[PDB]
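Next up: the same protein chain in two forms, each one alone, written as C-alpha cells (structure 1, then structure 2).
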Structure 1
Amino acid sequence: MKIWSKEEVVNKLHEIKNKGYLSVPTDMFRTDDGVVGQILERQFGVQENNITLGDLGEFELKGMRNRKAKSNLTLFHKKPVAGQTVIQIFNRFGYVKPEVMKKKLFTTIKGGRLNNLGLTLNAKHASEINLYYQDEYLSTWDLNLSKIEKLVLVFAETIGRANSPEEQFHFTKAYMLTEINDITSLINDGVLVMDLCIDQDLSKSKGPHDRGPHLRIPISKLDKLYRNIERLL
C-alpha cells in the first residue's frame, strides 16, 4: 500500500486547490450523498476514504462543502452490531399516515435527554453507544475510536446547486484533526447526534427503505472532540 508523508499531503492539497473549480466526473457512480468525498478521494488518487502517513498512522480523508450556516461531520454510517435491528426499531416506533398508507421513522437522538418518542443515547465507555426507549435498552453501535482518531478534513467552495450534475467544487481549506477526547461526555452531554431514517409504502410488497443510521457532530463543535486541530491549507 502507498505510504504518504505529511508534506506530501500538504502538497497534494495545494495541487488540488490550484486546479480551481472541479466538475463531477461522469464515470463516477453516485448516490444521493457523499459526492464531495468521492471527488476528494479521486483527487488524492485513492479508492478509499483513508490514507496512511509514515510514523503518524492512518487518517480518514473527508470532504465537506463550506457553509456559513450549520453543517455536520458524519462519524459513522452503519447498522447496530447488537440488539434490535433498525427495522425492528422502525416497526415499533414508526408511525402511519396517508390515498393509502405509508409508515415512517425519521428521528434524531441524543444523550442526556429523551426526545419526543421517549428515545435517548447512553455510553459506559466511548467505545460503545446504546439506544434506549426511556430506561428500556434497545440496540448498540460500536464507535471505532481508532478510525476517527485522526482526520484530514477538506472544505470546498461550490458553484451550482448542491448535489446537481453541474455542481463544481474548489477545495480551499483543510485541517488535520487528532488527539481525540473521551467521547463518553460528548454522547451523554448531547454533542454527538444519531439519526434514524426509515420509511415504507405499506401498499407495496417492497421492504422498508433504511438510509442507514448516522452518528454526526456539528462542525462548530469539533474542538470538543479533537484536542489538536491544525490548518494545513
Structure 2
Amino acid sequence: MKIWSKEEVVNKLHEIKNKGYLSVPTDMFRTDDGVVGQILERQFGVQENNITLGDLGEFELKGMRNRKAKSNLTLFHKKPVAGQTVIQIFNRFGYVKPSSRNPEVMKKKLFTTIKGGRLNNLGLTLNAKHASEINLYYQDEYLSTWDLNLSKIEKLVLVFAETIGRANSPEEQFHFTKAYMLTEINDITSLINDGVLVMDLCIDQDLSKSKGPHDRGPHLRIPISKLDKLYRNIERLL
C-alpha cells in the first residue's frame, strides 16, 4: 500500500483536475452510482481496500459527484455486534415493491435512513450511550447495537466531480475540480443522538429472479452540509 504524503495528495489532485473529464473503462462499467469512486481510486493507484487504514494511508479517500442537491457521504459500513442481525431487521421491516430502475422486476427492499432524535416513518431510531454502544430501536423496543470503529475516517480527502453524459451510463465522464482535507474529528455520541450522523440500511432482494437478499452493510453517513459538525478542521486542497 502507498502512504501518500499531504503534499503528494495536493500535487496529484492538481494533476487529476488537469486531465479534464475522465471516462469509464468498458470493463469497469456496471450501471453503478459508485463509479465516480472507482475512477478516483484508479487515479491514486488504490488497488484494493485495506482493512486497517484509510485508502491513502493517513487519509481515507472519498469521491462525490457535485450535485446541486447532494446525497449523503457514506463514511463506512458495519454490522451490529449484538441484538438483531441486519437480515432479521430486513425480514421484519422490509417491504415488497418494484425495482426503481427496472419496474418489471419485483423486489423486497429496506432502504431507510435511521437517526437519533426522531422516529422515521418505519418507527426506527438510534440512540448512543458511547461511540461503542449505538443502539437501534423500533419505537421503545430495543433491536440491535453497533460498536463502530472511527479510526479509518479520522482524516478524509473528499473530492468533488463535475459530470457530463447520462448518470450511470457507459458515456458518463468525470472532472474532479474541488477537494478538501477534513481532520480533527469530533466524538460521535452526540452526533448520533442529535441526528447529524445517520445510518442507512440498504438491503434488497430480486424476487422475480428468485434470488437471496443483498445486504450492502449498514452505512454510517452524513450530509455534506454537516461535515463541519463531524470535523473541526476543513481545508481546501484543490
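Residue numbering: sequential along structure 1, first residue numbered 1. Just so we're on the same page, rigid core means the largest C-alpha set that superposes within 1.5 Å between forms.
After superposing the rigid core, the Cα of residue 179 is displaced by less than 2 Å between structures 1 and 2.
Annotation for residue 107: C-alpha shift of 2 angstroms or more between structures 1 and 2, rigid core superposed. Relative to the superposed rigid core, residue 53 undergoes a CA displacement of at least 2 Å between structures 1 and 2. Core-superposed comparison between structures 1 and 2: residue 40 shows a Cα shift of 0.5 Å. Look at residue 116: with the core superposed, its C-alpha moves 2.8 Å between structures 1 and 2.
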